Each structure stands twice: as C-alpha cells, then as structure tokens.
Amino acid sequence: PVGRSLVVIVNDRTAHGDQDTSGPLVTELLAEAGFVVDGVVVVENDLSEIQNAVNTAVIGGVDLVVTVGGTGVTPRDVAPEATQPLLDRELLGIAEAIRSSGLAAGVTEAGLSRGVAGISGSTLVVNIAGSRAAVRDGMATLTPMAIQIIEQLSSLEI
C-alpha cells in the first residue's frame, strides 16, 4: 500500500441527506492507485467544519486528504479559505496542474477551481471541485504526484 487517505466531501446538500455521487468515485480511484481509504467525512460549506475535518486527519497521521467541493466562485464555497491557513507549505504545482489539465479537458469547474494544495503536518492536502468530471480529471493528475510525494517522505526513513 502507498499510504493512508481520507476523503472530505464539502457539500451543504450532502451534509443534509442528499445522495453523494462524487465520494464513491474518489474512494475507488484512491483504492485503485494503491491507497487505503480510512474513511469519508461529509461537511457543510463552513470554514470551521472543513478545518476540523482536515485537522482531524492531520492529527491522525493520514498521508493524503482529498477534499471535494467548495472551490467555485460563490461566497458559500470556502474550501480554499479553510485549507490555506492549515498549510505549512503550499504546493502550487499540484493546484496549477489540476487547473491546467481540467481546462485542456473542457471541465470548466476544474479549470476555474480555486482549490489549493500543500503539506499540513505529515499530510498532503488537495482541494478538488465537486463534480464527477472534476474528480475524474483531478484524480488522474493528482494521484501520481501524491504517490511521489508520499514515497519520497517515507524514503527519508524519518
């Protein structure tokens, strides 16, 4: 196994009982890249809830947290605002590659995603947009990068 992962669904409707159509796809793509999926957390578009969810993964030593949702242009979308202050160092390369690949694939919500990416504690944290198309394209870009970052951290033999 490459490492442990957690998925955070950032969606007001999912947090009140609607069918989450994105999370299972993220889970299966993580598993197919070789990650153990420790769990899925659903939160509202709420800064402190999102922070609590990520910080909980960070304190439990999770290797990869993928948040899904809350990267659009409306004031309610606060995943990036919630994430950025938790980052000890940003990895613009991840966020830029996700936007760039989504734009080339014609997935607008991915090209325009305000998502950030970085290391918090021992955890790689990456925001992706909420749609199935964004999760598909974002995950294809992200997972080899995440494998390399995580493999590099454990080859430090720290």
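For every residue, the number given is its place in the sequence shown, counted from 1.
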query	finding
Mean temperature factor over C-alpha atoms, higher-scoring stretch between 114-122 and 99-107	99-107
33-41 versus 61-69 - greater average Cα B-factor per the deposited record	33-41
Chain thirds of CA B-factor: placement of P144	middle
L92 by Cα B-factor - lowest, middle or highest third of the modelled chain	middle
CA B-factor ranking of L47, expressed as a third of its chain	highest
Relative C-alpha B-factor of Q84, binned into the chain's lowest, middle or highest third	middle
Within-chain third of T27 by Cα B-factor, per the entry	middle
